[PDB]
Amino acid sequence: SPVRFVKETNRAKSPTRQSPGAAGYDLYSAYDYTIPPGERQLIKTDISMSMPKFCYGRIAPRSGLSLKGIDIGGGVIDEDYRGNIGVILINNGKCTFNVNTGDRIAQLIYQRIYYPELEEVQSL
Amino acid sequence: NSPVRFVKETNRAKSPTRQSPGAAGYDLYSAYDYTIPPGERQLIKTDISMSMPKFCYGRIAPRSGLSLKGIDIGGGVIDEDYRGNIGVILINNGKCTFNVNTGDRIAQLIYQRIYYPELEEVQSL
Amino acid sequence: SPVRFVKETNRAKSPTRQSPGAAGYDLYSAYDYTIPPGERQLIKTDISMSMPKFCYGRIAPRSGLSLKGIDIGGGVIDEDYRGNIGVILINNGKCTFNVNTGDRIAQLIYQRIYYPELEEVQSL
Ligand SMILES: O=c1ccn([C@H]2C[C@H](O)[C@@H](COP(=O)(O)OP(=O)(O)O)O2)c(=O)[nH]1
Ligand SMILES: O=c1ccn([C@H]2C[C@H](O)[C@@H](COP(=O)(O)OP(=O)(O)O)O2)c(=O)[nH]1
Ligand SMILES: O=c1ccn([C@H]2C[C@H](O)[C@@H](COP(=O)(O)OP(=O)(O)O)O2)c(=O)[nH]1
Ligand SMILES: [Cl-]
Ligand SMILES: [Mg+2]
């Protein structure tokens, strides 16, 4: 029951998985960007996916980048999202951060979730 | 399986809603009026408490639109046994003042499935 | 499956849950640290684990610390990570943040995940 994906352009890199115990799948920039210190930038992957059921894709940080002051904004890829998967990279470092086409920028993690019906009660 | 029971602590609370059947989270709304200056954070009251589902926690997750504006989320771990008012730590990492009005959607609650394994201390792995 | 864990030094403290309904197992600093405002620090726990299957450990924030402007960077502990677990504390407060050996600094949540196959298609 694979996750089907589409490359919007030929600049997209098929998300990679390196080991059996990796949390997710590597995501790559499809374009060149420059992020000044204290600013953030939406990074296009040019990948779209028909996501698994009862799951969401978490855009989660890479460890090396996190140590360089690069943090992740937003990051909730809904199961019903069929659009371009974007990575919001936040530069909380002191220097400019460059993003080149084909650079690893994040990992996508398919996180199992629950969809309960909610009902209001008088007390818990 | 069974419904998640919640309580509106005041008439200002708004029921957490999922925008679509393929949406990850349930909308959380501000129950009060706030101003958040740049470089600051604010505990936003939802006035909602809930009896959380088993083997799960509620993640307070960011909205995409607010994240692009510089609004990030602090904390965010709503324990299964938490019975108090759910609060949202909104961080203003934008350049300008961020206004929060009553009824504004500020975050999304994701019911994330988890494990509670027993931990055993060994000498080698 | 029980999670097997190792203390690298006697400075390490066993991760525990504060209650039967707590999401996270508390993580503690095994050393003294000082984090300036607007800076981050990788914190050693001196704890290694054989992580459970179809899971990753999320380094998640403590709530009181988050109110003080202490955030978590990185924080993805892969299922096949067998090394020292490090917490990246980001001091987004206005004053210096002190970490003393033994201080509770984060919580580890064992988050259930999916490892699906990926297949490229022309259209979803
Ligand atoms: O970092 C992110 C966050 C979200 N999305 C996508 C997936 C998600 O399903 C959609 C959310 O868009 P929206 O309709 O603007 O929702 P919101 O109300 O959260 O802004 O955008 C991304 O690609 N990257
Ligand atoms: O952003 C947050 C973070 C936490 N909490 C609530 C839910 C959670 O179950 C409780 C945790 O409180 P604690 O265990 O007393 O604090 P700490 O995390 O510092 O141990 O506070 C919120 O409402 N919003
Ligand atoms: O806050 C963190 C983040 C990561 N790691 C560990 C666990 C993870 O499995 C490993 C990943 O390191 P990497 O793969 O070498 O770095 P990157 O993610 O940049 O490829 O480092 C930590 O201990 N703490
Ligand atoms: Cl998460
Ligand atoms: Mg606690």
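All values below come from the heavy atoms of this structure, side chains included, with hydrogens, waters and symmetry mates left out. Lettering of chains follows the sequences in order, A, B, ..., and the numbering in each one begins at 1. All ligand and atom numbering here is 1-based and tracks the order in the structure.
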Just which atoms of ligand 2 are under 4.0 Å from any heavy atom in B:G74? 1 (O)
Do A:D78 and A:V76 make a side-chain contact, defined as non-hydrogen atoms from C-beta onward lying under 4.5 Å apart? yes
Report the part of B:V88 in contact with ligand 2, treating N, CA, C, O as backbone and CB onward as side chain, heavy atoms under 4.0 Å; options are side chain, backbone, both, neither. neither
Any salt bridge (charged side-chain N to carboxylate O under 4.0 Å, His left out) involving residues 1-30 of chain B? Give me the pairs, sequence neighbours left out, ordered by first then second residue. A:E119-B:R5, A:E120-B:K8, B:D27-B:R63
Residues, nucleotides or ligands: over 12 heavy atoms within 6.0 Å of C:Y114 OH: no
Nearest-contact summary for atom 9 (O) of ligand 2 - protein heavy atom, Å: B:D79 OD2, 2.6 Å
Does at least one non-hydrogen atom of C:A23 fall below 4.0 angstrom from an atom of ligand 2? no
Write out the residue and atom name of the closest protein heavy atom to atom 20 (O) of ligand 2, then the distance separating them to 0.1 Å. C:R62 NH1, 3.6 Å
Among protein heavy atoms, which lies nearest atom 18 (O) of ligand 2, and at what distance? C:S63 N, 2.9 Å
To check your reading of the model: name the closest protein heavy atom to atom 1 (O) of ligand 2, its residue, and the distance in Å. B:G76 N, 3.1 Å
When the ring planes of B:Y26 and B:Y111 are compared, do they come out parallel, tilted or perpendicular, using 30° and 60° as the limits? perpendicular
If you have a sec, work out which protein heavy atom is nearest atom 19 (O) of ligand 2 and how many Å separate them, to one decimal? C:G64 N, 3.2 Å
Any protein heavy atom at under 4.0 Å, with atom 13 (P) of ligand 2 as the reference point? no
Please state which protein non-hydrogen atom is closest to atom 23 (O) of ligand 2 and give its distance, to 0.1 Å? B:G87 N, 2.9 Å
Which residue owns the protein heavy atom closest to atom 6 (C) of ligand 2, what's the atom, and how far is it? B:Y82 CZ, 3.8 Å
Starting from atom 5 (N) of ligand 2, locate the nearest protein heavy atom and write down its residue, its atom name and how far away it is, to 0.1 Å. B:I78 CD1, 3.8 Å
Which atoms form the tightest heavy-atom contact between A:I105 and A:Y28, and what is the distance? CD1-C, 3.8 Å
Write out all pairs satisfying salt bridge (charged side-chain N to carboxylate O under 4.0 Å, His left out) with one or both partners inside residues 34-59 of chain C, taking only residues at least two apart or from two chains. A:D71-C:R40
Can you tell me how far apart OH (C:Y81) and OG (C:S50) are? Round to the nearest 0.5 Å. 14.0 Å
Note, B:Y34 side chain near B:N99 side chain (heavy atom, < 4.5 Å): no
